[PDB]
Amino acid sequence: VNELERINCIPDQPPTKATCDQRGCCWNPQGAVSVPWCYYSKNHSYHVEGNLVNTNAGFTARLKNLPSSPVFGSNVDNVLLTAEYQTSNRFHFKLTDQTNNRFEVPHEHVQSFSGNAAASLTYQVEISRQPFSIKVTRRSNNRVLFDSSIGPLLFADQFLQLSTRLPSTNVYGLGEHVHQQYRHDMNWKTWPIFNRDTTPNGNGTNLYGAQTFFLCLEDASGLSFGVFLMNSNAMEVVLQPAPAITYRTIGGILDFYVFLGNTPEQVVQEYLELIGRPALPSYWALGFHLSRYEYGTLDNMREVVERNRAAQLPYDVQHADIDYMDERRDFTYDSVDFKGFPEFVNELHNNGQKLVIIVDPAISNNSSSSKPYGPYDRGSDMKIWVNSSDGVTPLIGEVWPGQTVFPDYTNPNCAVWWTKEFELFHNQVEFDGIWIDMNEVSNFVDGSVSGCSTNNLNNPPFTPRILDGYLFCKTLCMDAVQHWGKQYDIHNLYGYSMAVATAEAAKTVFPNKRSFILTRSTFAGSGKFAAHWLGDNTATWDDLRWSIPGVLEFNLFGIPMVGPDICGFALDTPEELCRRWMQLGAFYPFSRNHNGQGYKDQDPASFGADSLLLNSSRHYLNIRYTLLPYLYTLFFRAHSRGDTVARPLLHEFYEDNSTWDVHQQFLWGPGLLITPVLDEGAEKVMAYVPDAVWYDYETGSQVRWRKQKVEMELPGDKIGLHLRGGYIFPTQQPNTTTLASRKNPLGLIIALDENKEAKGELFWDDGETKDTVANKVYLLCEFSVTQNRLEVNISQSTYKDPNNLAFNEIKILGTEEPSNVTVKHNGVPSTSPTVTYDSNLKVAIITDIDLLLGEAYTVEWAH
């Protein structure tokens, strides 16, 4: 046996022969570090009984267990395999108990499959019977993608395991963790998944959300595939250098989806087609967000707001953390320390800004006739709390306000209760969006105020290697009861159900609007309802570096609006770290500076009205705002098609194996390469320049570099930003709010490829109405240059912006001098525009031009 293919048979304790012999496994302690001493024997597990049965969707098989004896509880001796050829590029199979129904994730988006197996499959499926294995191979080249034969199927009531071989070590995904790198190098590694309030640090623990999806790039041709496990029980994913991946969960069923694509982007698209594509954000939520834990008082918050406005910082959103509340209680504000809160929200709104308020799931149970607490009284009347195991007494835990009950957002009535709470509170404070925190769900006591009973749910046969080693640690009892089921099965779905309910509440509080929801805890599909932030990081250079894989991974997961706390939540931030972080932060899809309680100010203007940090921050935030039309269009593509927004180099440059492990750089979509300085003291970064034409964003000049590692010179006020030849970038002259910026003239940056061609697009709608896409109320146009001609072509034209918008500048990069430029509108000339040419940089700027948005034009020149 090859040692890299040994599947660990003692995942639960240090390995010993006595245990090994007792489990019927193989013993060989001679291997290298982490190679399993005790591993499963070749014939251990299930076999197919009888024949496979063709069905309309695919096939079923009956699986039978070769009689072993209990290790992690009751074995399931008769297992049903059901396989559905759902689409040409999506395969679904589940392993269930033949004789008993079991817990299955009640996903809000994924539906059951009905009717017939798809035509023109890109994959073929093979079943072996003695012993059972399942294999999925790519038809075009016979590449084995999924292959469970490396290990057994284990299917006990509270221990389910399946492994698959992998065709490469280019493996990306799984969460929520701090992986540190982007590519899983497949050395021996276990990643637990169980939603938990814990620090995203170098310890590799389970964090706030649960994401089983991974993507595998098979080879340099781009051919890629994805695997998703639809399971919400505590689990761990085990990676080894075979290469192989094992899923090990403590409940539910093994419900697997396999996705094939021609490129990594197609895998992501196929995955999001199944679980749900991300919500199109409000355009304002694409601006800069400022926040902190404990301004303490409204005067303090107002002071920070005011110094940043005085600095002319682009700055759309102010968040209000739990300090705004009356003693940290939802749906109240502090009438002393936040006296005049409603007038402040008026001032924000008058200045074109928005207010997002934090809300916690926990509701104080402290209500008397003397002092009534409305949210608690109303929720108690509606009977919408999580109950203890008796099924009828609301479970009591403890969070910020003291003893608390927790809403059962899996109950449709709880969304009606929650909605009414927000409508009532909105009458007092006119917030614009909602930040849902602590929704793992996070509890200051273990399980409940009376702890947790000793039983198979709170104290299961096997516990994955989760932080602290017990399931109910800093959360609800596992035998707590909700409408969807027991906490043991649905713990990982709490924040997901909270996002669903909060979206539902927004249909009433902000009629017809997207608003903005930011969530901490997620499950697969949470991006349909919410943005995400990476949690309570620290102001260290390690945290800055670790943020890039975190953002990339959440883009795989369909949560493209994701970012960390810029400058670092915990700790006072050093000026140099915060300056570098603000430079990079300008380019996170979610861009928020947030700071923990008690630490020194880290809002940009706190560093000084004429500090290098403030000047640089404003500079790069203005570039971010200039490029918002391009970013917004990327979000349109994420929402409508399922493309990523922050994109790894490898998704565009997979033919080049030097991109496969790049994680210190990333792209906005296909065209914009972002290269931060990420090292303390550094004024350079070692960077990779992919195989394309690149132009410096600011000067427009073509770099000499191509398909090579470079030492990019980046002084204290610089981040690397390059535009890819072949792409046209729509821009809008910036201002300090998107309310104002959206009224400004537009521009095009044409970055020419080797053949002097480029293409691009622009999506434009009202920026706020929900379902402008489903209802087809938008503008979509396409730009294409070849090679003495720009064509502006209109493809969807059901929104005309009443602000009279037009392109009034075209920048062309990598071009010989354009002469005698003409503008035709629907073939009719024409107005003669101004052209400025830099012969040294090879940049032309066309100005004194007025291409109305939503109209077709041709712009021609000669050389």
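Heads up, when I say rigid core I mean the largest set of C-alphas that superpose within 1.5 Å between the two forms. Start at 1 with the first residue shown and count on from there.
Peer 1: On a core superposition, give the stretch, 181 to 189 or 772 to 780, with the larger average C-alpha separation from this form in 8 other deposited structures of this protein (RMS over structures and residues).
Peer 2: Per-stretch check in 8 other deposited structures of this protein: the more divergent one is 181 to 189.
Peer 1: If you count the residues of the deposited sequence that sit between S830 and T831 but have no coordinates, do you get none, 1 to 3, 4 to 9, or 10 or more?
Peer 2: 1 to 3 residues are missing.
Peer 1: Got a sec? Mean C-alpha B-factor, which is higher, 289 to 297 or 393 to 401?
Peer 2: Stretch with the higher mean C-alpha B-factor: 393 to 401.
Peer 1: Once you work out the mean C-alpha B-factor for both 667 to 675 and 480 to 488 from the entry, which is higher?
Peer 2: Comparing 480 to 488 with 667 to 675, the higher mean C-alpha B-factor belongs to 480 to 488.
Peer 1: So if I compare the CA B-factors in the entry for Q583, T96, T738, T463, which one is the largest?
Peer 2: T96 has the highest C-alpha B-factor of those listed.
Peer 1: Which listed residue, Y324, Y376, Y172, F228, has the largest C-alpha temperature factor in the record?
Peer 2: Of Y324, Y376, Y172, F228, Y376 has the highest C-alpha B-factor.
Peer 1: By the recorded C-alpha temperature factor, relative to the other modelled residues in its chain, which third is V345 in?
Peer 2: Within its chain, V345 is a middle-third residue by C-alpha B-factor, going by the deposited values.
Peer 1: Would the CA B-factor of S335 place it in the lowest, middle or highest third of its chain?
Peer 2: Highest third - that is where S335 ends up once the chain's C-alpha B-factors are sorted.
Peer 1: C-alpha B factor of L714, ranked within the chain: lowest, middle or highest third?
Peer 2: Highest third of the chain for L714's C-alpha B-factor.
Peer 1: Quick check on the deposited entry: does the C-alpha B-factor of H651 sit in the lowest, middle or highest third of its chain?
Peer 2: It belongs to the lowest third of the chain when residues are ordered by C-alpha B-factor.
Peer 1: Tell me, lowest, middle or highest third: where does the Cα B factor of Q787 rank within its chain?
Peer 2: As the PDB entry reports it, the C-alpha B-factor of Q787 lands in the highest third of its chain.
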